[PDB]
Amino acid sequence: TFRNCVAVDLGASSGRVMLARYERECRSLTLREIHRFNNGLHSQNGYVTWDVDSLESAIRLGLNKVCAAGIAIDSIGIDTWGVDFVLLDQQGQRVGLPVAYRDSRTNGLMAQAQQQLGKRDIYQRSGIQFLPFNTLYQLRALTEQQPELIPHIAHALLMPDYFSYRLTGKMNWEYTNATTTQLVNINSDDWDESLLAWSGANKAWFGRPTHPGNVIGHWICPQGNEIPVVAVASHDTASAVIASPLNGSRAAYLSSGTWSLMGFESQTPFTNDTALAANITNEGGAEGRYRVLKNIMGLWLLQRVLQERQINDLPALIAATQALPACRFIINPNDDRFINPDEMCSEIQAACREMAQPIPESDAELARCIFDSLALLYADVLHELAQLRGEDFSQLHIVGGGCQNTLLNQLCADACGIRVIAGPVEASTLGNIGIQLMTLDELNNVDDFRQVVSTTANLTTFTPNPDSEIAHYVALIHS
């Protein structure tokens, strides 16, 4: 009567297969890691790609571990990073490469769309922020640059539905992730004909987007009992938001991993000129609650520094970085130059030098620059979001692997001047589990699931410190 649900959560820098054990009567929810694996960009034939075959093998390995253990799997669900897709021919073989959102193939195409279609027009139709690697632009790149591939394409599946298909033999187009494409009309929740026309994609490559909770198909443990594969809020950030223990309308979220996604939830989208000017997104959420948010380049910058400087003790780095004075190096992390530079440290240093700032050079200085520059951007965006909705926030919920960074947690609470509640760490995994339980009739809605998370997970309070260095710095920039 306890349910065993397996969540697959694939992020840009890691993948995980996790097993939840849940039972309603007890309000007890546990999560065990079954298989954790690396994920990352691969340079393949002049492209930045995903190794989807290794990802599938990793997923199967995790699933088969649970099976060989003799556990009764009640359901499986898959969430991944947004925007990206896999093209398939009529027989289900991949067409072309699985190109990553960090690929430069899209360069220039967002501007071209704004010029040809109208910036305001794309925004009012999609309600989605302008990011140069949005699916809208990737499909333009594909169809413009690889016209020979086009006749072979029968279907495009977004990443989570791709793996769900590889498990079930059934195709799905999950709503929350479809919204990341900047191809879904915000008023119809279906593909926008005009945006598809510009992208060169064909509507027949897709299906009407379907809200999470449906059973996509079934998977088979090598013995042969049918395990339902459920369509969850398959956009990782959508899952992370479900698991954020939001307490009513004055709570915001910060989903912190490779990206930092900072936002709130709304029953209605914001596509006004205020929203457009701020480049705010209205991503699809479970229950139709829009995730009104902004992308922030996030810990990606630090991931790259760690590789370049060959730093393998992140906790030590954070500890060292706490000793450094704050706010002497400030970059704008959202600057396009940081999406995928060949030389991350060099790019950071150039950006600082261009502003007549001291140059961050030590490992700890580069991390200090990153953490301070994120926190100042956190404060800017949180202000923009409050201004937009016309309602303050009383708490910021930070979730994701980034919520383990106690330094950044405090800088965020200090810069924003808001209480920060950090946790759960694996929020995307938990939200993935939450949706499965709802399909299993074990759980009634998101708000009920948040009560489970809030009484189950480790939640750590960071109280804003008004006399902090960054508080001092921010107070000063106000006037």
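Residue positions are given as counts along the sequence shown, with the first one as 1.
Here 359-367 and 246-254 are compared by their mean Cα B-factor, and 246-254 comes out higher. Higher mean CA B-factor, judged across 101-109 and 223-231 from the recorded values: 223-231. Among 218, 291, 294, 397, the highest C-alpha B-factor recorded in the PDB entry belongs to 218. Of the candidates 30, 429, 445, 439, the PDB record gives 30 the highest C-alpha temperature factor.
The deposited CA B-factor of residue 433 belongs to the lowest third of values across its chain. Ranked by Cα temperature factor within the chain, residue 161 sits in the lowest third according to the deposited record. Compared with the other modelled residues of the chain, the Cα B-factor recorded for residue 49 ranks in the middle third. Among the modelled residues of its chain, residue 212 has a C-alpha B-factor that falls in the middle third according to the deposited record. Compared with the other modelled residues of the chain, the Cα B-factor recorded for residue 315 ranks in the highest third.
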